Ligand SMILES: Nc1nc2c(ncn2[C@@H]2O[C@H](COP(=O)(O)OP(=O)(O)OP(=O)(O)O)[C@@H](O)[C@H]2O)c(=O)[nH]1
Ligand SMILES: Nc1nc2c(ncn2[C@@H]2O[C@H](COP(=O)(O)OP(=O)(O)OP(=O)(O)O)[C@@H](O)[C@H]2O)c(=O)[nH]1
Ligand SMILES: Nc1nc2c(ncn2[C@@H]2O[C@H](COP(=O)(O)OP(=O)(O)O)[C@@H](O)[C@H]2O)c(=O)[nH]1
Ligand SMILES: Nc1nc2c(ncn2[C@@H]2O[C@H](COP(=O)(O)OP(=O)(O)O)[C@@H](O)[C@H]2O)c(=O)[nH]1
Ligand SMILES: [Mg+2]
Ligand SMILES: [Mg+2]
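Residue numbers (the UniProt record's numbering), protein chains in the order written: chain A, 115 to 148, 164 to 171; chain B, 148 to 196; chain C, 1 to 426; chain D, 1 to 427; chain E, 1 to 37, 46 to 437; chain F, 1 to 37, 49 to 440.
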């Protein structure tokens, strides 16, 4: 397990709104996050 | 000696509203020296329409 | 008219309540019988918060006392201020928990929650705007660790807006009283991390240190320890009971002290704590009040904040003259000690003021602090829990009453999470 | 409001402060309980440079009284002016350096320094602005010298710019009270020269004479002698406490006297001293004060000015006094014996004058002088210490306590440098 | 005829209101009961027809523990009981609690009392709003008030007097959220907004008065003297009268920038003002020193764009015009190129009224400037630097989003001020 | 048209150059990539990759590899950044007689290429140390060659002179004396700048305790920007590069001017002040702002290029230059009546995004030459005597290819320089 970021995790949850505590555990699990091609010259 | 010896300290239980805002003296009230006298009535919209 | 219902659970909570209800009985001026033989009028103005009213001037405290065995409640009834509590708000069973969170949270405990929930309903509905409930326990027992959290859960299910404040006496670092305390605690945090809006960690070890290094006291008793918890239980609800310049209730303190959701463990601490022979030698000025309420030796918890970084700080100052020295000496701190204050949050201190001084003292202050140093508390609790679950010690007791071993691991999870969740915000 | 914090170290320092904090209290007007029953307003205005304000009027003093034994720290707490020192400004251990510089500086005396710096930081930041530190101790023991030199090296480190007065009690030539005396003396002087700005030398033997040949008692004691030591200390910082006609400080003192950052060993003294039989018989006037000011018999150290040569000389005067007579007569004593004054400094004397004398005095003054007569003091300690270090005596009470052998031979190297520093201005 | 209703919202507005109405009760002869022991009071006080002058104000707060003090203390019988509006729980330092969930149950009581005052009044000139940005009901309920105060009264004047949260010190932590969210809402619903500070009135009391360690009441005595001088010529006779509508027509060039400062000149204590002459040139020079403005912004960084000078008592137009001409010459004070005149002087004959228990002497000459500058743009950038960096990982937004707002409100409140942080240098260039 | 080729040899030169190529960039206006969103310091390929005009040299890699991977790596075309295998030890013998030979062919060939793409070189700009190895040997080779190769073209050289008591290498004393006997007849002008004095300028003035190497370099940057600002930007009394030599070097072997910037102010002290053209001048002739430790008093002045910059009128300069002559202190020599060349560009001293310098609108970079470098010369000469007295660290310099006689040759040479910076000053009869 690559641990958790916990910064975008809490940021990404509060986008929809996870104010109350007991609802935040449900969104804790489901939001699991860890030259030019041709040119001239000269 | 006023801050060495405390006051009689009946003001232990009193809020900042009571101490800072007492009843002002009746003689410290300001007279309105530069104002318009009302015994000549002020210009009011006499049209009541 | 906001009111705070008290919920003392477990021997430890019934001894923290004995003192709190005696401390709040002086602040307002209520004698044992229940009448008001006080002086000022700002003492019976906000009695509604921690006091109901009956015949004449009786003020029966709004408290539902809880204990699995009927011995600790009995001591209270037959004590100095025991004829003040309503005999019916004393909910006790017959058997106990035997230091077993299992029993308290699953067996003998869910057989009492019904009667305790009935009274917390007859003392909550019997009031209008309820600031919120409030619990005093000792994570490290059975009633206080289990029933305590069983109640803390079934009260947030019915009243899910009121402020669930809890004053938990977390297991001490070294001082060990109960041997199966690692488990009880490790299994009682997963609940206090998602069913409280403001939990306080008041370890008993820190308490002894403030009654030894600061308040030079040869023989500290549990009453002195309890006094230091009650004093810091009356300052957080002080601007709700007495007039103030910058008021601050129990929500206007969470709002500005709980950074992100989960994190909600706070380290309390008093301010005007001096000795007895050194009481008349120290001028009680605002400078000489912040110096102590931020010094680590005063922290009423065992997680020196130096090792961490305060995510927020509060200061429910109580006293009169205090409106320029307060702020000037509150920005000063955030400026000198500048590494013990996170940067992702500009201002970090919530100042408040109650113009009514604690009887005797001219000025006091209470510091609720959310350092990421509380991540140590859980760390030790886990290092110890993990040491016993490995060689399955005592598990038999817990697994028997009714508890899979998965629950235990799930607990170590929630905890280890909080520690890492904290570490990141640091 | 410039702030002085006083420190005591050991049994010598505690007895000095026991006999000093009564002089200031009886002069400023502070009673045994701390309440200011003064007689005038011109004692209370600068009550800040000393005793700190605490509610009720209590003017609690500002002094960290330290000691490694629980013996003398009690003598003070239980005496005339004992209930004045904050009952926590007293840091007392229980072991005792035991007349050894080693365990007083490295092993047992290094555990108590955290308890002192927790106290020193506590009461030196509560002041508006700190003028500097001051400390009194004896070089002859292991507590005043051992932990005193560790404390003085610490408080210099965090606060470098502050001025520092240290009143060392140097050994006596003739009668010594310690067999390991030149061990605790030389290795203390090494810690003293780069960590101080000005140092006064106090002698036990030189002050025995004054109470017998000038004050004329058959039984002079420590209590009768520490009053003389406390007299000049209350006599130095007067312009910080009281106004006057020519005001100074601890820095107008410091700049005029010590010319080079190593040559800061001075000559303390107290002018108006005479016996109790010449009480109403003597005119306490300037020709009767300045004549006895420069005499070798009125000197609080074992030095003779007649064998050495002064570098800079200095005095502060007290009381309502005209001073054309301390501008003519201080010029006469500068000019009558130019053999004892240095040639390349044109004006050797400084003058400063206060307006209040101590209570019981009508016009007083104190003495200070930088001289090459500290040379014979340090070489006497040097000849006494090298005569014992060659035979490796008493080293195992200095080596087995975590101290290497090398700082012993560095201790003599630094003092041999300093005696040579006073050699170049001998004539 | 010349009435104005002062709406005091927040505990900041209550303690402002207690000091403002204490001064007004001594300026006009209204003892704290309400009955006089000559017609200059209609602007602030009403009449019952029996001597009972009722103040034309509403005191509204979500928290009862501060509004019940004036319901108990000295000025108990002065205020009409239904003009003191209280709730049951505070907003608790939240814009969203004050605007959405708990501010909705009292605003219909508040607007009922405003309509009762407005119907009583005939020549209603302008509402006065007293609050603080750092509070919950001072930022949330205040914002919700003007959204429904504007529809009921249209183009009526609304003079704001808000406590800007302090630049370098503070008293709250979630207050950047309470400071961004209300200046989006109150930007299109306020004609003038006077910026004042805690720490910049605080610096005035410490060095320019002798009184050290002052309280909220010492700040609010100065607050009362400003708003007395703001509404000075409306009540008393004067050589050059200024109206409430005279302020916005002569101070705000564009509707997006309506933030004048405030400065009171002769703030000198009783002993010190007895020892110095207080000529008109001497007091107008105090208003332009950087350490006398009540927002900690240096005007040297910015540029003056409009100034409205007020004058009280024994001032003559000869001394005023020489004083205005002198201050134009100095190069340390810069006006913007499109503002060649930049002055509005107003003279009232009545000197300011001393308060027993105040911190000021009996003075005959006083100045109250309202000078908006470009130097407020550093106050927004500093307060946004402690917002956007604090909003970088959604610090305290859980107390706001799902309890009656959205995340997109934060994304448009800072971006609105980003336009305001772009608006001020367009003036400067 | 006007063109200048810059060679950065040794970590010193290279590092100082990373600063110069960041400064010169923001000024002209080319993003690190060298593309804009012929210039007397930059060139231009068709597409638009404004390329630079420098050849970074260093036997040891690292240093220049950080330039071939850093943000400014899409500029210096590979060929320019010439590194080496290694063996860059503090040995003049290893940089001019050993691990230097195997690179002088490449470095010289590149200098030739940029000279062919050029169209009127006004001179070269070599950035070097003065107490190491590659910068005390590889640079003697570069000068020895350019002399023959590019015949006579003002080869100007910026240098970091050894300190008076804050040095690094223990061999420093040697290297310098052995890099004088050579780079004393080939360099047309060598602007010496110490490191100790620059630290103090960042302590007393810039009030930025903790000077690193990045900061000490940025100072040399703005100085070299001035010396080379009268070629790129316009300006009134403009200077060039061929006249600096005719207006500063008295006799042939006295080509070692000092350096002093004028408005070295920090980003926290420009609250409203702007040191005028009469202050910056009387500030550069101050015995402390000199960027090289050499009390300009223990010695007379022989010349001084008071190059100015930014808003500066051609009269304030005249008044100032004269004021300076009056001061008894400033003692100019007898054979130099005039001794006060000037110059004025218009480009306001640029600002490095993230530097410790503010936006000053005037700056004088004095390039004076005083009979006071004698003390620094005398110092390094004694700091060499003791070391040689006991053939110290000679075992190394003798093995990498050298004799035990080059030392005494360089000594007789440096001894002469002392007698020259002496007879030149004994007045006249
Ligand atoms: N200048 C000044 N400001 C005050 C005074 N009293 C309170 N404040 C301001 O009030 C702010 C804090 O918000 P509060 O007024 O206490 O809270 P609120 O506006 O009533 O909103 P709630 O939190 O819901 O009660 C502080 O930042 C102060 O600046 C005062 O007397 N003078
Ligand atoms: N001001 C400043 N001086 C520098 C810097 N880097 C190096 N120096 C100076 O250069 C000296 C050592 O570097 P150099 O002499 O250039 O090294 P080198 O020329 O490559 O010779 P070697 O060390 O043998 O490779 C030091 O004493 C510094 O004074 C810098 O970044 N800033
Ligand atoms: N601070 C404090 N802690 C107490 C007090 N009384 C008991 N405790 C703690 O509470 C714990 C015992 O709780 P316990 O009786 O097992 O809870 P219960 O069995 O569920 O009722 C012990 O570890 C004590 O340290 C007190 O008065 N003050
Ligand atoms: N002047 C004076 N000297 C004292 C007094 N008490 C002790 N001493 C000196 O202190 C020396 C002994 O010091 P010591 O007690 O070992 O110091 P400690 O290590 O701090 O305890 C003796 O030689 C005395 O000369 C006193 O009351 N007055
Ligand atoms: Mg409030
Ligand atoms: Mg190198």
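By construction, the Cβ of each residue, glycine as well, lies at the ideal position given by its N, Cα and C atoms.
- Residue 90(D) holds the alpha-carbon nearest to the alpha-carbon of residue 10(D) among 35(D), 90(D) and 265(D).
- Around the beta-carbon of residue 226(C), 16 or more other beta-carbon atoms lie within 10 Å, marking it buried.
- Selection 263(E), 202(E) and 208(E) evaluated against residue 378(E) yields 202(E) as nearest (Cα-Cα).
- Sequence-distant partners of residue 326(D) (beyond 5 residues in either direction) whose C-beta falls short of 7 Å from its own C-beta, in its chain, are 286, 290, 317 and 351.
- By the neighbour-count criterion, in which 16 or more other beta carbons inside 10 Å mark a residue as buried, residue 253(F) falls on the exposed side.
- Assignment of residue 20(C) by DSSP, reduced to helix, strand and coil, places it in the helix class.
- Distances between the C-beta of residue 328(F) and the heavy atoms of ligand 2 are all 8 Å or more.
- Short note on residue 138(C): C-beta not closer than 8 Å to any heavy atom of ligand 4.
- For the pair residue 197(C) and residue 164(C), the CB atoms are nearer than the 9 Å cut-off.
- Taking non-hydrogen atoms of ligand 4 into account, the C-beta of residue 222(D) is found less than 8 Å away from one of them.
- Relative to ligand 3, the beta carbon of residue 387(C) is positioned no closer than 8 Å to any heavy atom.
- If one requires a minimum length of 4 residues, the alpha helix (DSSP H) runs lying completely within the segment 317 to 356 of chain E are 325 to 337, in chain order.
- With the criterion set as a beta carbon lying under 7 Å from some beta carbon of chain F, the members of the segment 332 to 343 of chain E are 340, in sequence order.
- Of all alpha-carbon atoms in 192(E), 288(E), 92(E) and 1(E), the one lying nearest the alpha-carbon of residue 326(E) is that of 288(E).
- Just measuring C-alpha positions, the residue of 169(C), 136(C), 192(C) and 179(C) sitting nearest residue 153(C) is 192(C).
- At least 9 Å separates the CB of residue 317(C) from every CB of chain E.
- For the segment 258 to 279 of chain C, residues whose beta-carbon sits nearer than 9 Å to a beta-carbon of chain E comprise 258, 259, 260 and 261.
- When secondary structure is reduced to three states using DSSP, residue 244(C) falls in the strand class.
- Every alpha helix (DSSP H) stretch that sits fully inside the segment 346 to 423 of chain F and reaches 4 residues is listed by chain position as 384 to 400 and 406 to 410.
- DSSP places residue 75(C) in the helix class (H, G or I) of the three-state scheme.
- Counting only residues of its own chain and dropping the five nearest sequence neighbours on each side, residue 115(D) has a CB closer than 7 Å to the CB of 91.
- If you ignore the 5 residues before and after residue 162(D), its C-beta comes within less than 7 Å of the C-beta of 130, 132 and 133, all in its own chain and listed in chain order.
- Residue-level contact by beta carbon fails for residue 411(E) and chain B, as no gap is shorter than 9 Å.
- Note on the segment 37 to 98 of chain D: whole alpha helix (DSSP H) runs with a minimum of 4 residues are 72 to 77, in chain order.
- At a cut-off of 9 Å between C-beta atoms, residue 107(E) does not count as an interface residue with respect to chain A.
- Of the heavy atoms belonging to ligand 4, none sits nearer than 8 Å to the Cβ of residue 209(D).
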